[PDB]
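1. Kindly generate the corresponding structure for this input.
(chains A, B, C, D, E and F, ligands or ions: 4)
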Amino acid sequence: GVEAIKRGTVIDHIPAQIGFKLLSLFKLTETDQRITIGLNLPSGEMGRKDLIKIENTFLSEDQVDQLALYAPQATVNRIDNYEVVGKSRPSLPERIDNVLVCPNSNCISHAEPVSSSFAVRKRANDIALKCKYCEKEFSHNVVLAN
Amino acid sequence: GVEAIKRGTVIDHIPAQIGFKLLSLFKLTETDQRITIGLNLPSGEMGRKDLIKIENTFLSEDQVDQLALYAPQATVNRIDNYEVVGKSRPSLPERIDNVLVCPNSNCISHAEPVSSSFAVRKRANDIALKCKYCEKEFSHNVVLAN
Amino acid sequence: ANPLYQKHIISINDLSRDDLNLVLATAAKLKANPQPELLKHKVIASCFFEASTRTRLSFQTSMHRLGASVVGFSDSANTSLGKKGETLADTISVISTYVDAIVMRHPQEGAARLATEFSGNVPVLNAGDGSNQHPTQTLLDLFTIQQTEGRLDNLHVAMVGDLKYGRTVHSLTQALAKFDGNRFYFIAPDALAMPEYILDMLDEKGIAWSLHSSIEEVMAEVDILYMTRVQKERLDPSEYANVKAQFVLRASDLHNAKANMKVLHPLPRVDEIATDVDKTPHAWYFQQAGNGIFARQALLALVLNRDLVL
Amino acid sequence: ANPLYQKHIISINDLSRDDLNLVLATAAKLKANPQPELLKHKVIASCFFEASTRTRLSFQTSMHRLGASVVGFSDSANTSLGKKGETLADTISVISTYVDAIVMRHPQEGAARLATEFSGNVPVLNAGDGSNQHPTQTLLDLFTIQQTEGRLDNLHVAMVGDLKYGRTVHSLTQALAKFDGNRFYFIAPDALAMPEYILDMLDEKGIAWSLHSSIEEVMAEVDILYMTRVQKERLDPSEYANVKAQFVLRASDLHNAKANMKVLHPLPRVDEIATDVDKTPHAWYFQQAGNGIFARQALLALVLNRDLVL
Amino acid sequence: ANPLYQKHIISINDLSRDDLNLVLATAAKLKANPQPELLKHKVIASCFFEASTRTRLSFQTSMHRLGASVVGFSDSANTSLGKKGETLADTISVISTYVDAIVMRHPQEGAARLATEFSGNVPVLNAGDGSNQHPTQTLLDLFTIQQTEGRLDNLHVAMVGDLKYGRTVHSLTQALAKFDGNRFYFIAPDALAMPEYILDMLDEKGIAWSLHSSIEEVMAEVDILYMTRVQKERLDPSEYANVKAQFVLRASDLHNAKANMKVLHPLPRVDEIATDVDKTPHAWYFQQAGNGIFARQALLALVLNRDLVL
Amino acid sequence: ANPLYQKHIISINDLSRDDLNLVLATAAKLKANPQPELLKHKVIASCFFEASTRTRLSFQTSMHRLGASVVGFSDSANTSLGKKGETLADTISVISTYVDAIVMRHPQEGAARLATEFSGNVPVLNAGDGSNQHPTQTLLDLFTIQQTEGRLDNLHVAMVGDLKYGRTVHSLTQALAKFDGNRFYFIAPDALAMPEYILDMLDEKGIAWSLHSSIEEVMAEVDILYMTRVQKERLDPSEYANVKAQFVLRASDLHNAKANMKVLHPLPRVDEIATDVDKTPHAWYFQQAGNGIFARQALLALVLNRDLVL
Ligand SMILES: Nc1ccn([C@@H]2O[C@H](COP(=O)(O)OP(=O)(O)OP(=O)(O)O)[C@@H](O)[C@H]2O)c(=O)n1
Ligand SMILES: Nc1ccn([C@@H]2O[C@H](COP(=O)(O)OP(=O)(O)OP(=O)(O)O)[C@@H](O)[C@H]2O)c(=O)n1
Ligand SMILES: [Zn+2]
Ligand SMILES: [Zn+2]
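-> Numbers count the residues shown, from 1 in each chain, chains lettered A, B, ... in the order given. Ligands and ions are numbered 1, 2, ... in the order given. Below is the structure:
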């Protein structure tokens, strides 16, 4: 497994294969700062989990929440002097920016200098995502078919 | 360093910010084996570097050489039972499949279900990469653009 | 500042009941009391990248009736912008460097809402963005229902024709759903039925609706009959002609209608309303087109004027 | 009479240093002090036989800000004139029988100068005649350099991009060459280098220039950086993408620039200036577009008005 | 003389179970033992008034693979002199005085049937008459179903995509509903379902059919998976792109597919079958195109030859 | 089986000096002793997705002059159904199930090479793939050089015109740089010079080449004068029409030309060779077109026939 850190965030309990989505999408590797990444770690407790440890970096508030659509069980932990100071769970945000794509080929978001913005509506058997632009509502299943 | 693996490859002394590129580009991350990664370390003289430890997987001669455009100092340690039973260095292959995008906008490679392939030549000074299809030649600088 | 002063009018959903009664109260007052030098020395861009002549001529006659100058274009028949990497963003960043308001019709949904990011402080009024919104057509309809029915509350409103694709009927159902006790009848061939998410919001608000198969069923209780164009091309030719007979209105059909019943249509009207309804007191679609002028003036007066005393 | 009163503005070379400071002094004064009824009751023809939307909308917003009326057209998408033996001469002899000024864009070089023979006493302002001149784009550039640098003399001006075909850069080099001690840096792919007859006139005047291979070389000493569009189609696709890396500007490149350094571009800007320069204080190309209004008003005020007290 | 000799092939519906079989037997013979000079000295007209290259190149290669000369045109626009007032009747009335058979594709339904009336006794062959019939397509689909499966009776055929407007899926259902024991699984969007009359014919014969929401619901039962191309333009962009997790085929969904299962598709293909499906054994749509030659060769050999010895 | 049997002809660069020679020997044989029924019973596809009539009529006449059937299309626009989403891969995947060889010209480079990957084992022949290769042109140029001169080694070849973008001049240089003792004189505008890499390959082999300003500088030394067509649209109108006294050929300039000198040109010709050059003995470009048939016949005979007896 990978060893403990002094200060930073350890994003524990990422299900398998999502840990790489999280690095790409939230661009966490773009810091010349110590990151330890363990992928397909066992932990009998989930069969397989992934775990990113970014040292001396504090993912705050919204950042935690954006992970809610990808690895909603990730325990986000602060460590700011040798041990776990806070422990956090991803909460669904009211809006998700940048990372999604609009499924509507005729939405203007597709050619233009524009960050996707979607409004989150949790409709019982799923979450609906409504684009800022074309205003169409989509099952997150369709926005993540991608 | 992180610590030690039983069986597998340790690619070490990948520059810094090239480490993620290698994980994504060459898909190292779609295995079920435990990969642990260190981004922006020291423990291979320079200052900072990256390290990818993939266990129970070892890389073929050519897979090692694929890393040469990105990583050329990187050493590809073949590890069996906690000791390095072998050390390879990326060297230039004569063909680079799948990973580059032909600069030529009117090349057919774009529109189509074909993997890119380039012919590599020269060494050290300028690497000239020639398209399989449009047969146009480009400096590797220009190919590694967008 | 009046509450719409300097606002971008991009969607009906962005506007409150009060913003809707504000635009509609002003339109009434400008119909009664014309204000021909109010926007003098203001220049308005009329950017129709998708050519729609009626919306355009209505919008630019409005701008002229408050003395604004108009500059602009209709592409479809092409100009120069749109192609050669000219991103819409970049186009808007150049245009709002010399106009005071931008009226635009665009083919891609979301385009007016993107203009808004780059115009800075010039207002963007949506004359139609793809299959999304068209706020200014809903404001002239609501103005025509108000003008004739005297109210916007407690109506019996039948939406007839292509309910699935009709942009116009989706916005009106959302806009009237903000007023109370409206009752809707939807008459549509099943291939063209009112899509679930509109019906869904009506439920959530406890607003009554039913689906009827022929206009005959509901004529008696209806105050406003909104006809939409069944795009012939939306069905195959033999599907189109062969409904049971059809969903076209003829004057005979109207003989049970209430005196206050009005037939509304966004136009073009090809064959869904026969020629002989025109002669009826109930035909209101050309008068409806003419209140596009008033509702369209309201907007330009409110967005561009800090205070209005009319 | 002011000295441009009733003159035809066809080329930069026809205008003196003083005529250039006159147009630019007026533009300053009309930006400060707007004159909205100055050309009232004047009708200006806007004849764009080659459709260029930005030059057109800028020219007609200008005409509207002095209260002139505009009549005109954009061909390219065609009208009726141009074909059926209708010689341009004959067209101008009919049009100047009822307008007061003619603004025209034409595809053939020399066309504005031929209009001049047939308009008699109506002024002809050139909005672009082929690959020849475009005086009004050079006047808004010179206005933007003056406005920002405070002077037109003693500058360090880098011309970057397609220098061989760029109409815009040839006129600016000729126009600034009339002011003193300007120093030019030309950065261009060799296929697109600044053609000998411009360099030739610079020599004859003892005006310094050099050619540099990358923008990095000269960033530090430069006051005005004028980017031109490298028409992708001017090279083959593999020639285009494969320069050494390229001649595109990104904000990082600007980190050694002087505080007073401005990036100028005639637009369209496709990829030669990356999106992230926009956010820099140095990006000035949209502000540059907006001074097209002021420089374009200057002209119409001066040509059409005998005396001006502003 | 064989059953189909000098007979007009215009609709699947007009050919009997025995005719279908005779076509498929001939075809399998010509495939094995090519007779390259059978139609030697016949001239065949390939009249595509609507153009399709695949069909036209399947058919002209069929004619040439049997040693016949071809004369013809393709179009979807102005043909040549054939446009001005020349009625299709008159066109046929003249061309049936030159050729030995007329293969024609045309945009309006019943064009090949009206043609039959002016051919004299020159057989016409329907390569597509609007949205009505395309019997040559269905013969090659049946030959391929039959050749991968050993039979045409007691098969569990799944049909996917645009079951409402797909011309091929309605002809193929009819055809396989002339054989015993077939079970159809229809998988389509609500907006693009199997028309009631296909279903009602299917019930009059006691044929088992069922509507399913997606492909992975029938994956394991299906012998033939006939995909059709879902057309973007008949649907709103947001509508089309939605449908939860779609009705596109990918290789992993083929993991629980029977050994003998083949995925057929009339082609073009773009969205609905992904490239990884190509290297799977279940990929049969390009070989399906190949079998067009034998189906088409058979049909020209029987219609044009008295006693066919093979 | 011969060297080229069932082999894909895609680039001059991929064929060896011995292959070139084998092509030219075959060609000279077929020319003398025509074998009109060699490809009897093959069907060849002539797929011009970009249209060229000369090339298409050289190639289809080659197929017919050897008794092969042809099926195909030409385009530069919408083909037929081949346009909507049908990727070239899929088009080839279907057509290689019908024909025996695919001759294709296409607008984007490497199209015939991507095609090779979907042909199965049906050989594809490159009639032009964008600005990359046109090997069939070069074989007929080499056959004509060889047939007027007796050899391909130790010739002084002058190449004129657009040496930068002329596809034919870069293939022909490569090809003649596989033979011994050749000297090239390159005469072109600075703006349209021989690309550095041709020149650098030429140096790696020790091949003597030189840049010259005009044709009358080499007139007396030159065995072959390969003119290419200077394209007006790639140059400013004043630029093109300038170049001092031009690089066009006229009959009087041929007075000090060697007896054996021939002026070749791939064609169209318009400006660069004047009509009086036609009646001179040195005129060889129409006979050069004629030799396309033998070059193309040879190439189809060898690729499609095992052991070629001639
Ligand atoms: N300086 C520190 C402290 C703890 N850890 C790591 O952070 C987790 C410890 O936080 P804590 O929530 O107490 O541990 P668990 O109980 O393992 O968390 P959970 O059960 O939620 O997975 C561990 O995964 C261990 O790898 C670390 O990396 N660096
Ligand atoms: N079981 C093991 C043994 C070594 N390593 C890693 O293998 C590399 C060390 O290779 P090795 O040849 O043992 O060491 P050197 O190359 O001699 O170390 P250096 O050059 O830094 O002195 C390092 O990436 C270290 O992380 C590993 O991951 N697992
Ligand atoms: Zn959207
Ligand atoms: Zn390429």
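
2. who's sitting farthest from the centroid in chain A?
-> residue A:106 (27.2 Å; CA atoms, centre = their mean).

3. any idea how far residue F:219 is from that one?
-> Residue A:106 is 62 Å from residue F:219, where distance means CB to CB, to the nearest Å. For every residue, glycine as well, the C-beta is placed using N, CA and C.

4. What of residue C:75?
-> From residue C:75 to residue F:219 the distance is 55 Å (CB to CB).

5. I'd say residue C:122 and residue C:98 touch.
-> No. Residue C:122 is beyond contact range of residue C:98, at 9.1 Å (criterion: CB atoms under 8 Å).

6. thinking again about what came up before, which phi and psi does the closest residue to the residue farthest from the centre of chain A other than its chain neighbours have?
-> Distance criterion CB to CB, 6 or more residues apart in numbering or on different chains; nearest residue to residue A:106, sequence neighbours excluded, is residue E:237 at 4.0 Å. When read as degrees, to the nearest 10, the backbone of residue E:237 gives phi -40, psi -40.

7. likewise the one 3 residues further on?
-> As for residue E:240, its main-chain torsions (degrees, to the nearest 10) stand at phi -60, psi -60.

8. and it, how many residues sit next to it?
-> 21 (other CB atoms under 10 Å in any protein chain shown).

9. Residue C:31 now?
-> 17.

10. Could you do residue C:227 as well?
-> Number of residues near residue C:227 (other CB under 10 Å) recorded here: 27.

11. Might you report the residue contacts of the residue nearest to it when sequence neighbours are not counted?
-> By the measure of CB to CB, 6+ apart, the closest residue to residue C:227 outside its immediate chain neighbours is residue C:265, 4.6 Å from it. Listed by CB atoms under 8 Å, 6 or more residues apart in numbering or on different chains, the contact partners of residue C:265 are C:226, C:227, C:228, C:229, C:272, C:273, C:285, C:288.

12. how close does residue C:221 get to residue C:210?
-> On the measure of CB to CB, residue C:221 and residue C:210 end up 11 Å apart.

13. ok, these two, which is more surrounded?
-> residue C:221 (14 against 11).

14. In ChimeraX, how would I pick out whichever of the contacts of residue C:265 are buried, leaving the exposed ones unselected?
-> In ChimeraX, a selection of the buried entries from the contacts of residue C:265 looks like this (16 or more other CB atoms under 10 Å in any protein chain shown):
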select /C:226,227,228,229,272,273,285,288
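
15. Out of the contacts of residue C:265, which is nearest to chain D?
-> Closest approach between these and chain D, by CB to the nearest CB: residue C:229, at 27.6 Å.

16. Just the C-alpha atoms of stretch C:144-164, please, in PDB.
-> C-alpha atoms of stretch C:144-164 as PDB (Å, rounded to 0.1, in the frame of the first residue of the first chain):
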ATOM      1  CA  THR C 144     -53.300  39.100 -27.100                       C
ATOM      2  CA  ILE C 145     -55.000  36.700 -24.600                       C
ATOM      3  CA  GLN C 146     -55.000  39.500 -22.000                       C
ATOM      4  CA  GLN C 147     -56.200  42.100 -24.400                       C
ATOM      5  CA  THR C 148     -59.100  39.800 -25.400                       C
ATOM      6  CA  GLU C 149     -60.000  37.800 -22.400                       C
ATOM      7  CA  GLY C 150     -59.500  40.600 -20.000                       C
ATOM      8  CA  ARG C 151     -57.500  38.200 -17.900                       C
ATOM      9  CA  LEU C 152     -54.500  35.800 -17.800                       C
ATOM     10  CA  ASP C 153     -56.000  33.900 -14.800                       C
ATOM     11  CA  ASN C 154     -58.700  31.200 -14.800                       C
ATOM     12  CA  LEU C 155     -58.700  30.400 -18.500                       C
ATOM     13  CA  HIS C 156     -59.700  27.300 -20.500                       C
ATOM     14  CA  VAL C 157     -56.900  27.100 -23.100                       C
ATOM     15  CA  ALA C 158     -56.800  24.400 -25.900                       C
ATOM     16  CA  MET C 159     -53.400  23.800 -27.500                       C
ATOM     17  CA  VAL C 160     -54.000  22.200 -30.900                       C
ATOM     18  CA  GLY C 161     -51.600  20.800 -33.600                       C
ATOM     19  CA  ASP C 162     -47.900  19.800 -33.300                       C
ATOM     20  CA  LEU C 163     -47.500  19.900 -29.500                       C
ATOM     21  CA  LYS C 164     -44.200  17.900 -29.400                       C
END
